[PDB]
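# A look at the structure
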Amino acid sequence: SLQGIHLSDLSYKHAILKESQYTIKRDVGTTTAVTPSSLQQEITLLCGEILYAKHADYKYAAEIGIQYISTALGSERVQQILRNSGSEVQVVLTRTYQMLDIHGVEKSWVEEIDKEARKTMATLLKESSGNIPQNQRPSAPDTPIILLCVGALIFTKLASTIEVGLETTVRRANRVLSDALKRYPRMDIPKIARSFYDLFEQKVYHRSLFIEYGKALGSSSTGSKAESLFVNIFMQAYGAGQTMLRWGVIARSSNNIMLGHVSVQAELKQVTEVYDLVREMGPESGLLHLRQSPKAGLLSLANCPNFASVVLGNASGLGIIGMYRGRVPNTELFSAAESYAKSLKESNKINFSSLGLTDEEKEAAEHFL
Amino acid sequence: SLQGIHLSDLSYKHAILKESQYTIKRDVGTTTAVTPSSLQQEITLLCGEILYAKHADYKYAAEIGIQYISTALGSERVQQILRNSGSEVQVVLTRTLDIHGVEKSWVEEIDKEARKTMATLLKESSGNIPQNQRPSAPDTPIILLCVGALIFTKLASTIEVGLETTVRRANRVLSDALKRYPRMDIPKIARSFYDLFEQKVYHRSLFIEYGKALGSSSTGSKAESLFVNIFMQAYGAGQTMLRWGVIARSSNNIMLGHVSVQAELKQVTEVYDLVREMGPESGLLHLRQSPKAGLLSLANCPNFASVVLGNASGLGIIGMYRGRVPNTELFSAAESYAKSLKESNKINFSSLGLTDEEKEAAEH
RNA sequence: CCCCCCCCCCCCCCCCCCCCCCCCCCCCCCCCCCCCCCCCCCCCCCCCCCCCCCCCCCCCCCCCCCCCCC
């Protein structure tokens with residue numbers, strides 16, 4: 001009889017963030033550098049110069065990477081993207097003086113990077129006995145992609161500390177950019193990665209510009225070996241800040257008996273509401289946290305603390321949890337879910353139900369001692 | 001009920017790589033040689049010259065092959081293909097042969113050396129060299145490209161691995177071509193092609209378009225029909241894991257029923273469903289060096305991968321596959337079952353659908 | 001013929017609200033084997049054979065309807 005006692009709050013919460021017919025015009029006076037498509041070779045060389053020699057300062061390293069994206073996406077198509085990201089920022093087309101005059105980037109810095117690289121080229125060409133192959137020169141076309149791959153690794157760990165990201169970036173860069181490091185052993189991964197964190201934090205609109213480069217690159221027929229790596233780093237970044245929802249499906253897949261607890265059963269409708277909002281938002285739902293979108297956070301499992309406890313317990317038991325700081329509301333439920341998952345982890349079973357074999361093939365399978 | 005706990009992440013992952021309304025313009029200043037259709041006979045002769053004599057350097061051998069493709073596809077239709085591959089590279093029409101990027105010195109060397117070999121041999125042959133042995137034979141560019149096709153198949157592995165495979169197979173496959181042009185240096189020609197496919201990435205999809213185009217024609221050459229057949233064995237590029245996955249199902253490996261493997265079912269399904277979502281281009285994704293590729297990775301399902309590999313090992317297919325084995329335990333088990341399966345002979349009188357007078361005689 | 005009674009409606013009470021709480025935070029490139037396809041045999045046809053053929057107009061009876069009351 002007691003039906004009708006129900007509020008679909010989370011859907012309404014989202015519905016209100018669509019009703020805004022009015023659009024925000026933030027970053028009113030702001031100006032950022034854009035490079036026309038025509039200067040792609042010049043910016044490619046500059047990218048290579050950053051990797052090629054051990055430089056004094058890697059401040060603008062990230063802005064140079066964005067400048068390659070600019071050439072790749074569009075002379076002026078970039079302004080469109082930035083305007084549409086919500087930022088009313090204006091663009092400034094970088095010129096030549098032969099060198100590059102990038103807006104916001106100190107002329108002194110550009111000259112330093114070039115000077116230092118030429119010095120290193122001269123030292124090495126004397127040793128090599130005038131023999132430096134194409135693949136080791138700052139002129140190699142994949143050098144901007146290599147630069148951006150360090151940015152891609154810091155992009156993945158934008159969800160945590162400026163610090164945490166640098167660890168992960170360095171560790172993975174060693175395995176991932178293995179061969180790039182062989183040709184440019186002078187690339188200072190930590191300083192380059194720091195420039196990218198600083199950039200993504202200050203110029204928030206460059207987060208969605210990076211996403212658009214990724215989206216665009218992901219579409220092309222033929223990609224570079226370096227390009228195909230970039231997108232693959234970018235993909236591992238999809239479940240950004242939603243680690244809890246993905247571990248939630250893992251808890252269901254593990255068939256953790258704690259998901260059947262009466263206190264957890266009570267939170268079912270809230271949990272369902274969150275997963276149904278993901279479907280309501282579609283593909284953009286995943287990269288919401290990555291874009292630093294204010295909309296994000298509606299995908300919080302704060303409303304269901306007992307469920308979160310079980311999900312984390314299950315993750316701990318299976319040995320996935322690692323260094324996740326996520327608070328555990330119900331310590332009791334966590335420990336229980338953990339125990340079951342640990343017992344599950346070790347136990348070996350065979351579903352002859354799933355296989356769908358003849359009971360003459362299922363007969364022979366039993367014979368396996 | 002506990003059912004709304006589902007994320008179709010892999011589909012969304014792909015869906016995001018379609019939403020890009022903006023297009024990448026890479027290779028901004030780049031220039032590559034194209035040969036107009038009109039010069040097909042001249043480039044045919046040059047191809048034959050590479051095979052006919054033992055040359056000092058086989059650097060541009062691959063670029064010459066691409067130049068024949070250029071004549072075959074279109075005087076200027078080639079620019080369209082390259083532009084549409086994602087590369088904004090510009091083309092340069094080769095004049096009278098003065099091929100763009102190819103040293104005039106090299107062209108002259110190849111010609112000079114071939115004429116020298118023709119003169120030496122014509123003295124021995126007593127002025128008698130049949131058409132089929134001359135660099136002028138029309139199938140010489142196809143022969144050249146077939147060496148390229150073999151290195152195209154092994155673009156998934158080392159520059160090295162590919163050369164082994166290329167040489168081995170070329171001996172059996174290009175058996176008769178080698179009889180007429182015994183001077184063709186398969187390893188140097190194959191090296192030129194690896195270098196080319198690695199440097200000029202847009203030529204990978206140009207090669208694919210030649211293959212696609214050749215595959216369509218009503219009448220092909222004996223050499224042409226070979227080229228496509230090499231190109232076909234290249235379809236399951238980098239997806240060896242998914243194809244061995246169907247083999248594990250066909251073998252009815254009981255390890256696919258393991259609880260830990262059963263847990264990964266939804267991820268595995270998601271990958272095979274993405275193949276269907278992408279359709280025919282799905283296969284050659286890895287071959288094109290497409291950034292899109294890699295979404296077809298079975299990294300998300302390590303226990304399944306372990307079983308698939310175990311099954312392959314047991315059946316004796318695995319060969320020289322370096323693919324990492326996450327669950328050594330599951331692998332060994334799947335391997336044991338597959339080895340027992342391999343030897344065992346059984347008959348499904350259920351499948352055959354015989355009369356129980358034919359099924360009577362079969363027991364005998 | 002039908003129809004034939006009775007008949008306004010309303011009329012109390014009553015503000016709403018008042019707690020708590022940012023979210024997030026782990027890990028992770030992918031790839032990697034083998035492999036040209038084909039290959040046998042094979043003209044088809046071959047006979048017989050016009051169908052049709054009988055008989056047979058149908059029709060043929062009887063019958064206005066309506067008719068009360070209100």
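By the method listed in its record, X-ray crystallography, this PDB entry was determined to a resolution of 4.17 Å.

### Observations regarding the overall build of chain A
A tally of helices and strands in chain A yields 18 helices and four strands. When burial is assessed residue by residue, chain A has 49% of its 369 residues classed as buried. Total accessible area computed for chain A in this model is approximately 17900 Å², and 53% of it derives from carbon and sulfur atoms. Looking at charge distribution, chain A has the averaged site of its 40 positive side-chain charges lying 3 Å from that of its 38 negative ones.

### A word on the packing of helix α6 (residues 140-153) of chain B against helix α7 (residues 159-173) of chain B
All names here are of chain B. The interhelical angle for the contact between α6 and α7, taken along N-to-C directions, is 135 degrees, at an axis separation of 8 Å. What the angle tells us is that α6 and α7 run oblique. Read as a crossing pair, α6 and α7 show a hand that is right-handed. Of the residues in α7, those touching α6 at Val147, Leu150, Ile151 and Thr153 are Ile159, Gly162, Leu163, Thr166, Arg169 and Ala170. Considering only residue class, the contact of α6 with α7 consists of six nonpolar, three polar and one charged.

### Things to note about the environment of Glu360(B)
Residue and element names in this part refer to chain B. Among the secondary structure elements, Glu360 is positioned in helix α18 (residues 359-363). For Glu360, a relative accessible area of 55% puts it in the exposed group. It is 71 Å that separates the C-alpha atoms of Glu360 and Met118, two residues lying 242 residues apart in sequence.

### Quick look at helix α3 (residues 61-73) of chain B
The α-helix advances 3.6 residues per turn, and as a result positions three or four apart in sequence lie on the same side. Residue and element names in this part refer to chain B. The terminal C-alpha atoms of α3 lie 19 Å apart, and with 13 residues this matches the ideal 18 Å at 1.5 Å per residue to within 8%. Counting buried positions along α3 gives 12 out of 13 residues, so the element sits mostly inside the fold. Those residues of α3 not exposed but buried are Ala61, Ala62, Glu63, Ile64, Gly65, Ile66, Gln67, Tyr68, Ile69, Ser70, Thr71 and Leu73.

### Brief notes about the protein's contact with RNA strand C
Taken together, 55 residues lie around RNA strand C, and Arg171(A), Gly241(A), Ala156(B), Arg169(B) and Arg172(B) are the ones closest in. A distance of 3.3 Å separates a sugar or linking oxygen of RNA strand C from a polar atom in the backbone of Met323(A). In the environment of RNA strand C, a phosphate oxygen lies 2.8 Å from a nitrogen or oxygen atom belonging to the side chain of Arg168(B). When contributions to the surface near RNA strand C are tallied by element, the ones reaching two or more residues are α7 (162-176), α11 (225-235) and α12 (243-253) of chain A together with α7, α11 (222-232) and α12 (240-250) of chain B. Each residue belonging to the surface near RNA strand C can be placed in one class, and the counts come to 21 nonpolar, 23 polar and 11 charged.

### Let's talk about the state of the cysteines
All chains considered together, the criterion is met by zero disulfides over all chains. Free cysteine: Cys149(A), not disulfide-bonded; nearest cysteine sulfur from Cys47(A) at 12 Å.

### As for the interface of chain B and chain A
Where interface size is quoted, it is often the accessible area lost as the parts come together. Counting residues at the interface gives 55 residues for chain B, matched by 61 residues for chain A. Taken over both partners, the interface formed by chain B and chain A buries close to 5200 Å², and the fraction arising from carbon and sulfur atoms is 58%. The three residues of chain B that bury the most area against chain A are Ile5(B), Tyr22(B) and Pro291(B), which together make up 15% of that side's buried surface. Along the contact surface separating chain B from chain A lie two salt bridges. Between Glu227(A) and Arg26(B) there is a salt bridge, with the nearest N and O atoms lying 3.1 Å from each other. Elements supplying a minimum of two residues to the side of chain B that touches chain A: α1 (9-15), α9 (186-199), α10 (202-216), α13 (259-262) and α16 (328-343) of chain B.

Cut-offs used in this document
Bear in mind the residue numbers are our own, running from 1 along each chain as written, so they may not match the entry, and residues with no coordinates are left out. Naming scheme: in the order in which they are written, chains are lettered from A and ligands are numbered from 1. Note: displayed chains form a subset of a larger assembly, with all reported quantities computed for the displayed subset only. Water and hydrogen atoms were dropped before computing side-chain values, which therefore reflect all heavy atoms in the structure. Helix and strand assignments follow DSSP, with helices taken as H or I runs no shorter than four residues and strands as E runs no shorter than two, numbered in order from the N terminus. For each residue, the accessible area found with a 1.4 Å probe, counting protein chains only, is set against the maximum for its type, and the residue is called buried under 20%, exposed over 50%, and partly exposed in between. Areas reported here follow the Shrake-Rupley algorithm with a probe of radius 1.4 Å; residue values treat only the protein chains shown as occluding. When charges are counted, neither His nor the chain ends are considered; positive counts come from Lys and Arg and negative counts from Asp and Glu. Where a charge lies is defined by one atom per residue type, namely NZ (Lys), CZ (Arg), CG (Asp) and CD (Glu). Here an axis means a line fitted to C-alpha atoms, over the contact stretch when the element is a helix, while the angle between two N-to-C directions is reported on a 0 to 180 degree scale. Any angle from 65 to 115 degrees is called roughly perpendicular, while one under 35 is roughly parallel, one over 145 is roughly antiparallel, and all others are oblique. Left-handed describes a crossing whose near helix is turned anticlockwise from the far helix through less than a right angle; right-handed describes the clockwise counterpart. By definition, residues are in contact when any of their heavy atoms lie within 4.5 Å. Amino acid classes used here: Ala, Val, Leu, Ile, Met, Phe, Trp, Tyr, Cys and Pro are nonpolar; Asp, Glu, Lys and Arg are charged; the rest, including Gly, are polar. Under the convention used throughout, the expected extent of a helix is 1.5 Å for every residue step, that is, one less than its residue count. In these notes, residues near a molecule or strand are those with any non-hydrogen atom within 4 Å of it. Between N or O atoms, a polar contact is any pair within 3.5 Å; within protein, one atom must be a potential hydrogen donor and the other a potential acceptor, and residues adjacent in sequence are included only when both atoms are from side chains. Two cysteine sulfur atoms form a disulfide, by the criterion used here, when they sit within 2.5 Å. Once two parts are brought into contact, the accessible area they lose, counted with a 1.4 Å probe and summed over both, makes up the buried area. By salt bridge we mean one thing: a side-chain nitrogen of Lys or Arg within 4 Å of a carboxyl oxygen of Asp or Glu.

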